[PDB]
Amino acid sequence: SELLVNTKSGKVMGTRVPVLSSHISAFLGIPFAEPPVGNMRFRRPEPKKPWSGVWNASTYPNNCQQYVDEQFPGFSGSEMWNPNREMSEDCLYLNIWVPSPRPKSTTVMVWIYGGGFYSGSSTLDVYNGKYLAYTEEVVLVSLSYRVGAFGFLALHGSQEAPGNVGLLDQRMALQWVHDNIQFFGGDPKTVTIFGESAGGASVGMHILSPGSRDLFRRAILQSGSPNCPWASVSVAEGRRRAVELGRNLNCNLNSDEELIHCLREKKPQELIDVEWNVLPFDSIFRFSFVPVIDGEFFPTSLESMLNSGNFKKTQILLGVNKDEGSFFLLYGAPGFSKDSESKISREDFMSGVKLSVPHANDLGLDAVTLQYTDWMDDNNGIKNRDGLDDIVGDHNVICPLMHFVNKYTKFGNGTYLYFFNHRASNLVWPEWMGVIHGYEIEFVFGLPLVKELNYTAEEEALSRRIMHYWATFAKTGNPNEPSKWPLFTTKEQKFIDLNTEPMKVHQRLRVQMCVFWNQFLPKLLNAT
Amino acid sequence: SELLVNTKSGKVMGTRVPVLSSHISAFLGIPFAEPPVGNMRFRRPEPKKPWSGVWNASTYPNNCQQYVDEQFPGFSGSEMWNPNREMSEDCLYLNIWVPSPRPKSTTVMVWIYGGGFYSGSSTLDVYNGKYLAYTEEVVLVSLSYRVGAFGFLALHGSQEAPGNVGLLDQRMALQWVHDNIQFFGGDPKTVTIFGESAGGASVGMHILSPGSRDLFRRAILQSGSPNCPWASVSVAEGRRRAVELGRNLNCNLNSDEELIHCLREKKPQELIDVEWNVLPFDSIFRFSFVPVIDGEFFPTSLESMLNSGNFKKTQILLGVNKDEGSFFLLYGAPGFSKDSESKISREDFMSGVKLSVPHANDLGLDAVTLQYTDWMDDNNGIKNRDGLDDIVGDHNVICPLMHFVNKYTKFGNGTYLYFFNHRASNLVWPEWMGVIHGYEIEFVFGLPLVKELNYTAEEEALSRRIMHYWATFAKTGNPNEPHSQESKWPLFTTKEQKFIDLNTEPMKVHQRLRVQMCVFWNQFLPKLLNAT
Ligand SMILES: *[C@@H]1O[C@H](CO)[C@@H](O)[C@H](O)[C@H]1NC(C)=O
Ligand SMILES: *[C@@H]1O[C@H](CO)[C@@H](O)[C@H](O)[C@H]1NC(C)=O
Ligand SMILES: *[C@@H]1O[C@H](CO)[C@@H](O)[C@H](O)[C@H]1NC(C)=O
Ligand SMILES: *[C@@H]1O[C@H](CO)[C@@H](O)[C@H](O)[C@H]1NC(C)=O
Ligand SMILES: *[C@](C)(O)CCC[N+](C)(C)C
Ligand SMILES: *[C@](C)(O)CCC[N+](C)(C)C
Ligand SMILES: C[C@H](O)CCC[N+](C)(C)C
Ligand SMILES: C[C@H](O)CCC[N+](C)(C)C
Ligand SMILES: [Cl-]
Ligand SMILES: [Cl-]
Ligand SMILES: [Cl-]
Ligand SMILES: [Cl-]
């Protein structure tokens with residue numbers, strides 16, 4: 001049967017699904033690991049044990065336990081990212097979309113959701129893989145991984161909570177694809193991993209990790225890179241936060257085993273309730289439990305690995321959105337509101353930069369402020385808003401990614417860079433937020449291809465060329481089929497805009513601000 | 001007899017000089033102090049003692065001993081600033097231009113030449129006061145003062161070389177005008193002191209010094225202010241340089257008496273020959289012997305005096321030129337040339353910044369570089385050249401002056417700020433240098449009024465309105481003639497911070513002169529260099 005497939009762990013029964021007046025096969029919720037519950041919490045994933053009989057893969061799996069955004073109840077703009085199904089610690093499953101009829105040894109694309117390592121689900125609507133698999137004729141796989149304390153509580157030294165188990169879950173899903181994709185028509189030697197935000201940083205982290213390199217061919221990073229200021233913490237900071245989580249819940253802190261046994265007896269929601277209380281400062285775009293530089297998953301510091309060229313060398317395609325910071329200002333900075341232009345006073349601006357760069361001293365803050373303030377008109381609320389918007393975006397996403405792109409390109413086998421700056425016509429967020437973090441995703445997954453969603457014809461065309469750039473890249477290492485997307489080189493550093501207008505080539509994406517964030521500020525904070 | 005005037009020191013005989021189809025009286029080379037020669041060198045000035053007979057004041061006096069620029073032999077562009085008379089230590093004289101017939105009690109303007117405190121003369125052609133005195137009917141005075149080591153060697157503690165004696169030479173000349181100017185038809189209760197560059201810093205220094213305050217009514221500062229990074233040094237830095245000068249001449253450095261005795265035995269040109277060897281680092285827009293914060297002429301730090309309003313409270317009129325730094329880049333920065341477009345490579349740009357901000361640590365250097373570099377086009381020779389020009393002008397003149405103007409205005413009784421940006425049609429310097437440091441002076445002294453100088457008709461009108469702004473200000477404290485038709489030069493206020501461009505085009509009112517860069521130079525950089 002086209003829907004009955006024998007994997008190395010047992011049989012799975014898919015389900016024929018409708019897609020743009022046609023159909024394709026869908027295998028939903030296939031377990032790739034043993035449920036990390038009970039004494040397996042915080043522990044590395046163990047491969048799923050073979051099962052007898054046919055596994056029902058007709059419906060979506062549970063979503064991992066996570067913090068749920070209740071800021072705007074009923075508002076689709078924020079809820080579209082919340083878990084759309086029951087949450088459970090038994091959430092290590094993956095989904096596959098195969099074109100019908102089943103192709104032979106075709107290109108595979110593995111999706112890794114973002115969510116700051118504290119949230120995310122593979123079941124979200126904007127992650128529906130049928131459109132992209134059908135349109136570009138590829139086998140699309142979406143995996144899942146533990147988030148929050150469940151996936152990143154780090155107590156280096158211990159083996160019950162070693163940290164980075166979330167990344168290890170992703171690795172096990174990729175390993176599962178390496179061993180079973182061929183049974184669905186996928187070509188295991190031609191696998192492209194791609195993810196947004198934390199999912200982009202994960203992709204970058206697998207590119208760096210030795211144990212992940214042989215599990216994929218090429219990579220796509222969207223609005224995220226391994227070196228982002230929020231994507232990782234030292235073993236020391238990981239332990240401090242881990243112990244503070246214990247303290248917040250009145251745990252025995254005499255030793256790691258005692259601390260862990262205590263944390264394993266608490267209910268999921270009890271941990272999640274105090275998760276944010278472990279951050280060291282009041283801030284925005286900062287998350288509690290993220291990956292740790294342990295010397296194992298990550299041999300040495302991310303920077304040294306990048307300079308020595310110690311990482312997978314292949315073709316990468318990465319980019320960013322025009323306004324990466326608005327989403328986080330809205331949730332944690334004063335003066336911002338969902339129902340107004342959000343003109344920021346001068347005082348709120350000050351408060352904002354302090355929140356954006358929580359680790360910087362006063363001189364550093366003065367530096368950031370001077371760098372983003374037009375002194376011929378400092379009391380302009382619109383300019384203060386946009387300045388804060390750029391600060392959050394340049395420092396947390398754009399510049400860290402540019403540092404990654406320049407470093408990678410020295411050893412890579414081909415880089416393609418993009419700047420996504422299109423404002424969806426049906427966006428439900430206010431206009432001041434601009435091209436929001438994560439909203440290029442709907443275009444990558446072909447959502448504009450469905451009439452009922454009311455997009456414009458120009459946006460449908462945009463989505464079709466983006467999906468084709470992604471797919472063509474995944475199968476050849478070049479988004480161009482034999483206007484051409486120029487290759488990003490160390491010398492010319494070219495990149496293209498990604499919108500409804502004809503292609504345009506630019507050079508040195510936000511080089512001025514990034515020289516400030518990648519060279520000057522770091523140097524200033526080290527010296528003072 | 002208009003030309004025969006008896007002063008408190010003795011009689012003086014002036015001369016009738018022609019001026020624009022008319023005539024005016026001129027008293028040139030009148031002594032106001034005793035020759036600071038021999039055992040007087042480095043010492044505070046002493047009042048000129050009464051003389052017998054009539055002093056012949058029909059010719060210019062000698063110029064003080066100073067470094068002479070010979071970079072471009074024969075070039076009018078540079079030589080117009082060199083001594084045009086024999087140099088001598090006996091140089092403490094002043095010049096006076098009086099309208100004819102002699103006014104009864106008119107406005108007086110005293111000119112203090114600039115030249116980095118290491119050069120300058122009251123006798124240059126560009127300082128010919130007959131045009132200004134005649135056109136605005138004011139009594140114009142040209143004073144002089146010891147420059148270089150002769151006027152600023154400072155060994156705090158000693159009374160033989162106390163420092164700031166050049167500033168005291170100026171004070172004594174003002175005291176002379178205060179006591180004798182009435183004899184020339186001018187009102188000592190209405191004297192305006194004005195100067196350019198080091199002259200402008202000087203004027204600002206008299207405004208701050210309790211000992212100069214009662215010697216003048218108002219003040220005009222052109223491209224220079226007291227707080228400029230080059231206008232002064234600490235007593236410690238002054239001593240190091242003083243001692244260093246001795247070491248450069250094999251002097252007994254065992255005590256101030258011996259050192260000073262050794263230096264008084266040397267010939268003028270001998271001191272001058274090693275003057276530049278005492279500077280801390282390789283640099284541009286830095287001079288060896290300048291005023292010192294001695295706690296005497298200057299009660300406390302210049303900054304604390306401005307924050308507390310410890311200074312004369314009157315009306316001031318000040319400003320700067322568009323390209324203050326090009327002149328100093330041509331003389332000491334790699335890549336610059338008089339006979340070229342001077343496109344600066346990235347390599348020379350780096351060197352230039354190091355040279356422009358000699359007191360900066362590596363971090364401070366990166367900060368400056370980043371602040372004036374367009375990273376989307378870093379190898380652009382022209383942007384690199386103009387960047388450097390801006391750096392040197394902002395750090396050394398413009399921003400220090402904006403700091404001054406904003407502090408003074410909080411206590412002053414009237415402030416007018418200008419931005420001179422007109423390139424003379426007959427400039428001899430290369431186009432890249434733009435509106436050069438010091439070239440607004442010719443417009444101030446009416447040079448554009450003499451036909452053979454070939455200025456355009458619009459430059460003559462510009463000169464006339466500038467001289468009128470200056471004089472009217474001197475007379476009333478407001479450069480604008482009440483209820484007149486012409487566009488009004490607005491007051492600079494702490495709130496709106498208005499200023500006007502000064503050129504051949506109609507008047508334009510602007511706000512916050514170079515605030516962006518000046519916030520960098522006045523607020524950010526200092527905090528950065530402080531930390532460690
Ligand atoms: C698989 O589960 C779905 C939903 O629970 C159900 O509709 C379907 O019948 C199941 N598969 C079969 C036929 O066993
Ligand atoms: C990728 O590697 C191949 C083979 O080593 C080489 O020919 C090609 O130039 C490389 N591509 C780029 C753009 O680095
Ligand atoms: C003053 O000096 C000038 C120039 O040397 C001369 O013409 C004039 O006669 C002198 N006056 C007297 C009477 O000495
Ligand atoms: C200057 O002082 C006078 C006298 O008190 C005062 O009336 C006037 O308002 C002041 N002018 C300015 C510009 O401060
Ligand atoms: C990234 C920080 O992983 C944040 C992604 C946020 N959503 C809302 C797009 C999931
Ligand atoms: C000022 C630093 O005192 C410079 C004066 C130089 N000239 C060329 C205008 C005389
Ligand atoms: C963007 C976002 O939902 C941040 C989470 C909000 N707090 C820190 C209040 C829990
Ligand atoms: C500004 C100026 O002409 C400097 C004179 C040149 N040095 C320092 C070399 C003697
Ligand atoms: Cl559909
Ligand atoms: Cl639900
Ligand atoms: Cl290359
Ligand atoms: Cl300022």
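Chain A is the first sequence line, chain B the second, and so forth, proteins listed ahead of strands; every chain is numbered from 1. In what follows, every heavy atom counts, from backbone to side chain, and hydrogens, waters and symmetry copies are set aside. In listed order, ligands and their atoms are each counted from 1.
Between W176(A) and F184(A), the angle of the ring planes lies from 30° to 60°, which puts this pair in the tilted group. Taking the six-membered ring for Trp and thresholds of 30 and 60 degrees, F285(B) and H437(B) have ring planes more than 60 degrees apart, a perpendicular arrangement.
Inside a 4.0 Å radius of atom 9 (C) of ligand 8 there is not any protein heavy atom.
The shortest contact between atom 4 (C) of ligand 8 and any protein heavy atom is with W276(B) CH2, 3.9 Å. Closest to atom 6 (C) of ligand 8 among all protein heavy atoms lies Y67(B) OH, 3.9 Å. Of all protein heavy atoms, the one lying nearest to atom 3 (O) of ligand 8 is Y331(B) CD2, 3.6 Å.
Contacts with ligand 8 closer than 4.0 Å are made by side-chain heavy atoms of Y118(B) only, the backbone lying farther away.
Side chains of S78(B) and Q71(B): a donor-acceptor N/O pair is absent below 3.5 angstrom, by distance only. In this model, no donor atom of one side chain and acceptor atom of the other lie less than 3.5 Å apart for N84(B) and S121(B). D90(A) and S88(A) form no side-chain donor-acceptor contact under 3.5 Å, judged by distance and modelled atom types alone.
Sorted by first and then second residue, the pairs that involve residues 23-34 of chain A and meet side-chain hydrogen bond (donor to acceptor under 3.5 Å, both in side chains), not counting sequence neighbours, are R16(A)-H23(A), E34(A)-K49(A).
Contacts of ligand 1 (protein heavy-atom distance under 4.0 Å) are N56(A), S58(A), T59(A).
Side-chain atoms of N180(A) do not come within 3.5 Å of backbone N or O of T7(A) as any donor-acceptor pair.
Under 4.0 Å is where a charged nitrogen must lie from a carboxylate oxygen, and between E237(B) and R240(B) at least one such pair does.
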